[PDB]
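Have a look at the structure below, then the notes.
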Amino acid sequence: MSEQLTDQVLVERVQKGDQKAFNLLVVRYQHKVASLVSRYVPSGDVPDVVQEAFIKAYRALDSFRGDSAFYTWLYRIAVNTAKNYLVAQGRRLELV
DNA sequence: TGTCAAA
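Counting in the entry's author numbering, the first sequence tops out at residue 96, every number present.
Have a look at this one:
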């Protein structure tokens with residue numbers, strides 16, 4: 001009957017191996033995830049932590065189960081990417 | 001390592 005380009009069709013399109021479909025999925029959340037990670041890193045590291053959050057999701061989205069909306073899963077990766085960055089530099093005297 | 005309520 002009818003269809004809309006929600007995150008539901010766009011996430012399934014990336015599981016079909018379409019990388020360009022993921023680029024539109026990045027543009028969809030790039031401003032919303034930058035507002036989430038800015039809560040854990042200064043503005044000078046936001047664009048670098050956001051770009052690492054989408055690349056980690058790109059190769060882990062093939063394991064997405066759809067147990068919740070796509071942003072619920074993106075939110076957990078984005079906060080953990082920004083928090084894993086704070087311990088990647090805080091271990092400078094805990095690993096050597 | 002993964003990350004899955006609704007945001």
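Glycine included, C-beta positions come from ideal geometry on N, C-alpha and C.
Straight-line Cα distance separating residue j from residue i
i: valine 50; j: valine 9; result: 23 Å
i: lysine 32; j: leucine 95; result: 34 Å
i: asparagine 23; j: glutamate 52; result: 14 Å
i: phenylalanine 64; j: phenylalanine 54; result: 14 Å
i: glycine 90; j: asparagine 84; result: 10 Å
i: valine 79; j: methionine 1; result: 38 Å
Anticipated Cβ contact below 8 Å, residue i with residue j, distance rounded
i: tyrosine 40; j: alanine 82; result: 4 Å
i: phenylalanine 70; j: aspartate 18; result: So it is not a contact: roughly 15 Å between Cβ atoms.
Residue i, buried or exposed, once every other Cβ within 10 Å from all chains shown has been counted against 16
i: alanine 60; result: exposed
i: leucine 93; result: exposed
Check whether the region 4-15 and the region 41-48 are in contact - that is, three or more C-beta pairs closer than 8 Å. no
At least 3 beta-carbon pairs within less than 8 Å: the region 67-77 vs the region 24-39: yes
Whole beta strand (DSSP E) runs in the region 4-72 with 3 or more residues, listed along the chain? none
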